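S.K.: Sequence first, structure after; it's an experimental one.
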Amino acid sequence: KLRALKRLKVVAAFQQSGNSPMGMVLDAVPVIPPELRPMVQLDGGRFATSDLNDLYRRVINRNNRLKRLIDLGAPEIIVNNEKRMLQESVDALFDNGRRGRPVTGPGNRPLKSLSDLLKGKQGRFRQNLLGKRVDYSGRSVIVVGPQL
Amino acid sequence: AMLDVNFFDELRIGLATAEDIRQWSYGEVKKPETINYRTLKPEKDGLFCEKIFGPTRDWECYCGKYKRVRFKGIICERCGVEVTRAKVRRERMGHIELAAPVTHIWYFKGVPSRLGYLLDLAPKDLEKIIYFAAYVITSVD
Amino acid sequence: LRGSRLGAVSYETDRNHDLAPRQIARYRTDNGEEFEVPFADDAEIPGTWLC
Amino acid sequence: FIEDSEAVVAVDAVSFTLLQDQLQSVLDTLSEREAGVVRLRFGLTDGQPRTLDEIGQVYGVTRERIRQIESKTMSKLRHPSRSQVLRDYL
Amino acid sequence: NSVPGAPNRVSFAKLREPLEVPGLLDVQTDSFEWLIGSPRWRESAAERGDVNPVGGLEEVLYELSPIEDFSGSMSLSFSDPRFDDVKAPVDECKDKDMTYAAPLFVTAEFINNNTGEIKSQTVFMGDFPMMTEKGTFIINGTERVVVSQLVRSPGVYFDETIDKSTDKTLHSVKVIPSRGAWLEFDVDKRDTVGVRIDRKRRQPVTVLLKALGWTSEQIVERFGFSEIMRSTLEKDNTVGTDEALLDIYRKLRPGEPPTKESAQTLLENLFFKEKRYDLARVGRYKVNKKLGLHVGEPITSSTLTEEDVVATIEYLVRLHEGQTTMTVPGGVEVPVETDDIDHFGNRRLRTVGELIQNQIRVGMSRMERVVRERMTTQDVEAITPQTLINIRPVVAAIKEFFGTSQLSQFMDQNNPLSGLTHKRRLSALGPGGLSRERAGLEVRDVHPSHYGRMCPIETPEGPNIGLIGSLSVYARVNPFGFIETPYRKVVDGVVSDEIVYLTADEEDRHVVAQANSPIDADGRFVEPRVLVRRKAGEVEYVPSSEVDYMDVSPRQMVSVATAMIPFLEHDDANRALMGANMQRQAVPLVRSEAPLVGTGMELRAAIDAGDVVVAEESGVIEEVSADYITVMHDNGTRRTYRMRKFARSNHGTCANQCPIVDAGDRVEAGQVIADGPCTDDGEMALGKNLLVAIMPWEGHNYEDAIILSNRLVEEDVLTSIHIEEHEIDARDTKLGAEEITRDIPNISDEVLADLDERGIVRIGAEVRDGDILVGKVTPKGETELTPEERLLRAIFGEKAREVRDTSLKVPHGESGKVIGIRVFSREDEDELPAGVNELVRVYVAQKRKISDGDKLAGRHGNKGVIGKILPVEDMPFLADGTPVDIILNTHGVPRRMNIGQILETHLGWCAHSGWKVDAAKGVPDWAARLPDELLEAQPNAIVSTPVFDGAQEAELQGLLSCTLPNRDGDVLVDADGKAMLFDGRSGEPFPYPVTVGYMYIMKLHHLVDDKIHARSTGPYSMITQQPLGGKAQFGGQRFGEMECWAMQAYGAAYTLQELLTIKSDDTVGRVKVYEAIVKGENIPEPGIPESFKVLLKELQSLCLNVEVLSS
Amino acid sequence: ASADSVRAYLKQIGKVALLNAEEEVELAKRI
Amino acid sequence: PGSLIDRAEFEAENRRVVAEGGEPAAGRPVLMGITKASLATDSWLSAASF
Ligand SMILES: [Zn+2]
């Protein structure tokens, strides 16, 4: 009865939303606008990625290679491995650190998947949506005025 | 939306279908290219393509034919970049037509496995089905 | 540090009245979906296009 | 911590609007032929910079006359009366 | 005293301290020269610890020596470390941004076993950084200091807990060694003994004991008295060394085939084959002492001995048995206790020497790996250590240590004391220690072992209290790294002068008396009942026969900076802590007056801080000039000491050094020859002796605020010079080359006037916010010109000159003169980073005077901003007409428990007017115990009260009642210590007498000009479009979450909408707001921010259709 | 866990038996 | 069963369901801590911002 209850919850949830769970099988995958993942050039030529560039690049490379292998007609080993790697990288991009060890880079620093921009304490939902620097502002040290 | 107001009265979340996705996108990225190494301009059909994602320069197309406001809302017939303001790159999205289907990581692995309940399979069992390590019979007579 | 995305910015009023008239052209895809492509009047319209 | 050295400077944009206004008034001090030649020569009406032959064609005169009106108008504007008003924008 | 040119400063010391203050920078210098192997440390070992030399580097080479291949055919032994001469002197390195280093040379030796050769060379190992004379590393051109760290010492920690489910004592042991593994022998809820080895699922003893070669019969043989071990023997559930060790290999190595030989070898590999297990020298000595295994045996064999394993098990089971002492066969018995992780017998000081040794090891192991890999790939009969050694790893390790590390910090040098106190600093929050979040709150308390080894007062008052402290005055670090402490040995009730140093363990063993005890001029105590300290921090009145050690002096518990606070024993610990933490923040004034009342630590804290030139060997001065002193060392030789006039410190303050000698004076070795920034005649002087009165005046000195005369500003009493550095690089760019040239696109000749020709300002031009210090023009290329701009450019006859302007401009509010300009260029072969053709640094400087908001503080924690600088006539003046200079508040004194300032005040006045003990009828009892030549004193005569043996209150009363009149017959300050002030403003006398005196107050480095900030519209962040942050940029103040709550609570909705839309993020709204303000129109209605659209595109990017539908 | 797809791949490719020039000639002729 | 619902919704549901055939849903008051009280906010936006 209880196992039915918890299952009963999500199934009716989909039934009442009328949302047809297909949203779990993600076909054509959307790409976030370029400016939200800036490639700023710090003066001196040193470019600055945003680490969403790198993850997106990984997914795109693996998708291109998968398409290529499909056209060639590689044995089931290679095609299935590459589909596995697509799935792995899409999963990494939508969250890095889940379903296995984090996908890292230089300095063995874990990357910043879209989720790590919308989770924990450094996501928008626990940060700059709390406090904002404001223009028309100042500060200074205070003294007592027994004349005002 | 594309055009916004302060009359926002309902923020409604909900999973998105790919049918809704290839109607969001203003183009499709297909090449893993960020910016040319020598001229430092975005690539065509890359991850920064101005045709897909809008100009980097205010009211200028890529090849420089149209370079002023009087040409706005139009698309230059040779480089294909729609001449407009250069903050659309904040808002225009792309999509990627995959060659094979793929599944999420949020509605599957996150405890409890929403898919795991949905199709009536345990999480570990599914982690062998959607990572290509076990067949599945879809129908039979 | 001070950096900026390689680019430029303009400061001109976005006059919505005196522009160059456009001309919407239809481009059918292989599946058949239609995708409007506004073109200028004096503008050689290409036969094919990336939609 | 990365100042975007491309943002709207706020004061720069409003200053450009004020420059537009002041220049429009000063040019309106010019005669009709003079105002027209200046606006067309520097593209103040559409953003397209018309050149001497086009301006002489739309006014139906020779380009030498256009250049002379051009020089005369420029010298008139160099006069401190209508000049010092616009110096600060530069 | 004992310093040739000592200010004659009369002390109130009733006691007589035997031992001198040590070489206050020994904790750095001796550690580093231990690392090198200098002859100084060699002779020091010859004296104490002459057993053998351990040259740091040497030990690393020996332990590494040799690198043997797996086949065992080829060996390499780098040996005999050697040092060359420093490539450049200090000042040149500091100016040209070079790291002050010296090369390392090492004799490598490669030997082939099968054929037989040795290939000896002298391999350049790398440029190793060097300590300066002041105990600092000049790394990268700055002055970085490596702070000593406190970490748990390797050893055996026997500890026990209670079990509320059973109410039984559960003892346990851990032997956490260096570069080894963890092991736990525990006694569980039942009467069995878990032996968890390397973190995985416990073990009964018997498995190991048989695997250790001990049969059940032998187990009984040694553990017969151990009824718990005998019961565990009954519980053994397994017998046999082979089977036990086999099950070991099967379990500890899960699933690994438990073949006997691999298991037998694995036992050694983990515990006895020292390549994967090395409890170091420190841990070995610690465990030797604990188990008493060996005494005279040299400290060696830095690997585990199974002999010690069985002793550990026996000691543990007897600890559970409740035994007092235990004798191990082959060693002297030891007592049975537990251990704490604070007691300084278990926390050690990984000094700079040991830290650099560890980092060099982290380098050498990588080198060894690479060397052996290449050796295997390389062909034989062709290679040599030159072709084997890769010196990249060592250089990389040393660089990443000195630069880019937590424990190598910029020497905070605001005043010399802050320098000498950034050294001698103990910091527990280092790599290999604990973070400020994993900080057990039991590590910050002053465990009673800190007495004489770490000051309980001085710690930063931020979120670091207890994690950072400072060494005591007399503390000295044991070779092993345990903080020793000097005591006096009292024998047969006779206090001697044979100073003996003791660590915390022997501090616990023996029993310690007090220095302020009645010694009867023979070493003999007087009263039998004597104050004393027992092992567990207890305080007891022992009869005067069992005391075997006495403190060397009072003020032994205390640091260097806190020992400079007069009347410290009267102040509360909170305000004394604050006083010590702000005595390091004074700024060097232009006059630098010595404190009228102080301790003995003003002279010894300057002659040892390095900011005072010292006469190296006796001589007579010949040429004394503001830049150079030439001393004629008696035997022929002469030497020119050179000053550093107006040299920028690491926090923008002056570093002048003016001489104090004349052309005919004779100097002795060790004498002060030239004052530094904060010094006067050699005595640390951080502030000025200002006249202070303690009335609350007109509410300007309300709640810690302080008012000042205008005399302080005018006569330049309080005034600090600040030298700021600006820097512009002419980096290469793709479009072209940035040229530092006078001409700049729009810059007119008016502003250009300052720039000379090269582009730099001229030395002396008074720059102000917006001036062109360095004129640099950057290529821009052709860009479109707006029609309007083209028209204006043509009408006014100004062309484009596309090359854009990016000249350096003095930051907002950073005016002053240009002291000096330093230009580095590639043409001069200056080694600028790649891409920089020219880097010019301009040193602007300003003579900041005291100002409303500047922070002033005494030596007692009584900080406060300057509420108002009143003119000189509206200041309460005395009956003599002398105005008071500051006026503190009264209400801050009694509730903060820091009446030190009051005593300092009264004594201060006594020291200014000078006293004359009315001993005509014999010395009054008030001065019966006061030293000689204190029965009378002169005006402005300097006095000193040591910290814990200072001026007894009675002494102050009598002195205050015995001052001599100023010029007329006028005793201005009566016996009570108060005076009749006249109101300078109204005129009427104050109806009640008021306390006046001379208090020594400082100028802290929290000036207003560094803090005031404003922004209307400035730079903007990149990804999000908020205003930027910090005074370096403009930035705004974070209107954080709590302020949003505050204005939600008021109900101010429109203001909240403003501050969160059209002042921070509404990108199209900000420019409209500015335009509407300038045009004088209603501020536009705000829009959606740019943090509810990035979110929307992210949610439409994580495939969650977030949409807005009004209906 | 077995999340290492490196392992998930190596254990897979360790299956098919390794071949020789003899079988290589036969295979190439068949191909 | 075991789920926690707002009182007003509970009473309104009972008012609706007494008609169309009468059956009461049995409710008992619960005391929950402030943290748990916040966790049951209806708005997903604030719920996630928590
Ligand atoms: Zn184009």
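M.R.: Received it, and whenever you're ready, just let me know what you need. Residues are numbered from 1 along each chain as shown, chains lettered A, B, ... in the order given.
S.K.: Do you have the strands of the stretch 701-850 of chain E handy? List them.
M.R.: Counting by DSSP state E, counting those that start in this stretch, the stretch 701-850 of chain E has these strands, from start to end: E:706-708, E:719-731, E:739-740, E:772-774, E:776-778, E:804-805, E:808-809, E:817-825, E:836-849.
S.K.: the inter-axis angle of the second one versus strand E:836-849?
M.R.: The reference is to strand E:719-731. 170 degrees (axes from the mean of the first three to the mean of the last three C-alpha atoms, to 10 degrees).
S.K.: Identify each buried residue in strand E:719-731, please.
M.R.: E:719, E:720, E:721, E:722, E:723, E:724, E:726, E:728, E:729, E:730, E:731 (16 or more other C-beta atoms under 10 Å in any protein chain shown). Quick note: C-beta positions are derived from backbone N, CA and C, even for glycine.
S.K.: quick one: is that strand near chain D?
M.R.: No. Strand E:719-731 lies out of reach of chain D by C-beta under 8 Å from any C-beta of the partner chain, never closer than 14.9 Å.
S.K.: What backbone torsions are found at residue E:944?
M.R.: phi -140, psi 140 (degrees, to the nearest 10).
S.K.: can you pull the contacts of it?
M.R.: Residue E:944 sits next to E:9, E:10, E:11, E:12, E:566, E:597, E:598, E:599, E:600, E:602 when contact means C-beta atoms under 8 Å, 6 or more residues apart in numbering or on different chains.
S.K.: and if we set it to 7 Å?
M.R.: Each residue near residue E:944 by C-beta atoms under 7 Å, 6 or more residues apart in numbering or on different chains is listed here: E:9, E:10, E:11, E:12, E:598, E:599, E:600.
S.K.: Any idea what it is bridged to?
M.R.: residue E:11, residue E:598 (DSSP bridges).
S.K.: give me every residue that touches the residue of chain D found nearest chain G.
M.R.: In chain D, the residue that lies nearest chain G is residue D:1 (25.3 Å; C-beta to the nearest C-beta). Residue D:1 makes contacts with C:1, E:1028, as judged by C-beta under 7 Å, 6+ apart.
S.K.: Now it: which helix or strand?
M.R.: Per DSSP states H and E, residue D:1 falls between elements, in no helix or strand.
S.K.: Around chain A, which positions in the stretch 701-850 of chain E sit nearby?
M.R.: Within the stretch 701-850 of chain E, the positions lying close to chain A (C-beta under 7 Å from any C-beta of the partner chain) are E:702, E:703, E:705, E:731, E:835.
S.K.: tell me, how many neighbours does the second one end up with?
M.R.: This means residue E:703. 11 (other C-beta atoms under 10 Å in any protein chain shown).
S.K.: what's near enough to touch it?
M.R.: With C-beta under 7 Å, 6+ apart, residue E:703 has these contacts: residue A:144.
S.K.: if you set the cut-off to 10 Å instead, what comes out?
M.R.: A:144, E:864, E:867, E:889, E:891, E:892 (C-beta atoms under 10 Å, 6 or more residues apart in numbering or on different chains).
S.K.: if I look at the residue nearest to the last one when sequence neighbours are not counted, how far off is chain G?
M.R.: Spelled out, it's residue E:892. Nearest in space to residue E:892, with sequence neighbours left out and distances taken as C-beta to C-beta, 6 or more residues apart in numbering or on different chains, is residue E:704 at 5.7 Å. Distance, residue E:704 to chain G, by C-beta to the nearest C-beta, to the nearest Å: 38 Å.
S.K.: What of residue E:41?
M.R.: Applying C-beta to the nearest C-beta to residue E:41 and chain G gives a distance of 60 Å.
S.K.: Report the contact partners of that residue.
M.R.: Per C-beta under 10 Å, 6+ apart, neighbours of residue E:41: E:29-35, E:49, E:53-56, E:353, E:479.
S.K.: 6 Å instead, please
M.R.: E:33, E:34 (C-beta atoms under 6 Å, 6 or more residues apart in numbering or on different chains).
S.K.: Confirm that it sits in a helix.
M.R.: Yes. Under DSSP: H, G, I helix; E, B strand; the rest coil, residue E:41 sits within a helix.
S.K.: For residue A:70, which non-adjacent residue is closest in space?
M.R.: residue B:99 (5.8 Å).
S.K.: Just give me the neighbour total for that neighbour.
M.R.: 17.
S.K.: could the buried residues of strand E:719-731 be laid out in a markdown table, adding distance to the ion?
M.R.: Shown next, in a markdown table, are the buried residues of strand E:719-731 (distance: C-beta to the ion, whole Å):
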| residue | distance to the ion |
| --- | --- |
| E:719 | 65 |
| E:720 | 62 |
| E:721 | 61 |
| E:722 | 56 |
| E:723 | 55 |
| E:724 | 50 |
| E:726 | 45 |
| E:728 | 39 |
| E:729 | 38 |
| E:730 | 37 |
| E:731 | 33 |
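S.K.: For these, work out which two are farthest apart.
M.R.: E:719 and E:731 (38.4 Å; C-beta to C-beta).
S.K.: Closest one to chain G out of the contacts of residue E:944, please.
M.R.: Nearest member of the contacts of residue E:944 to chain G, counting by C-beta to the nearest C-beta, is residue E:599, at 54.0 Å.
S.K.: ok, back up a step: looking at the strands of the stretch 701-850 of chain E, which is closest to residue E:678?
M.R.: It is, among the strands of the stretch 701-850 of chain E and with distance given as C-beta to C-beta, strand E:719-731, at 10.6 Å.
S.K.: Okay, helices next: where are they in chain C?
M.R.: Counting by DSSP state H, chain C forms no helices at all.
S.K.: And chain B, is stretch E:1044-1061 touching that?
M.R.: No. Using C-beta under 6 Å from any C-beta of the partner chain, stretch E:1044-1061 stays clear of chain B, with a minimum separation of 9.0 Å.
S.K.: Do that stretch and chain G come into contact?
M.R.: No. On the criterion C-beta under 6 Å from any C-beta, stretch E:1044-1061 is out of touch with chain G, staying 12.3 Å away.
S.K.: what does that stretch rub up against?
M.R.: A:132, A:134, E:1039, E:1086, E:1089.
S.K.: what do you get for stretch E:693-702?
M.R.: By C-beta under 6 Å, 6+ apart, stretch E:693-702 touches A:144, A:146, E:707, E:867-868, E:884, E:887-890, E:994-996.
S.K.: again, but for stretch B:98-108
M.R.: Taking C-beta under 6 Å, 6+ apart as the rule, stretch B:98-108 contacts A:24-27, A:66-67, A:70, A:83, A:86-87, A:90-91, A:94-95, A:98-99, B:114-115, B:130.
S.K.: Give me the distance between the two termini of it.
M.R.: This stretch, stretch B:98-108, spans 20 Å end to end (C-alpha to C-alpha, to the nearest Å).
S.K.: How far away from the center of its chain is the helix or strand encompassing residue B:19?
M.R.: Using DSSP H and E, residue B:19 falls within helix B:18-24. Put simply, helix B:18-24 sits 9 Å off its chain's centre (C-alpha atoms, centre = their mean, to the nearest Å).
S.K.: how many neighbours does the residue of chain B found nearest chain A have?
M.R.: Residue nearest to chain A within chain B: residue B:15 (3.1 Å; C-beta to the nearest C-beta). Residues lying near residue B:15 (other C-beta under 10 Å) number 20.
S.K.: I'd say it and residue A:22 touch.
M.R.: No. Using C-beta atoms under 6 Å, residue B:15 is not in contact with residue A:22, being 8.3 Å away.
S.K.: what separates the most centrally placed residue in chain C from the ion, distance-wise?
M.R.: The residue lying closest to the centre of chain C (C-alpha atoms, centre = their mean) is residue C:38, at 6.0 Å. With distances taken as C-beta to the ion, to the nearest Å, residue C:38 is found 13 Å from the ion.
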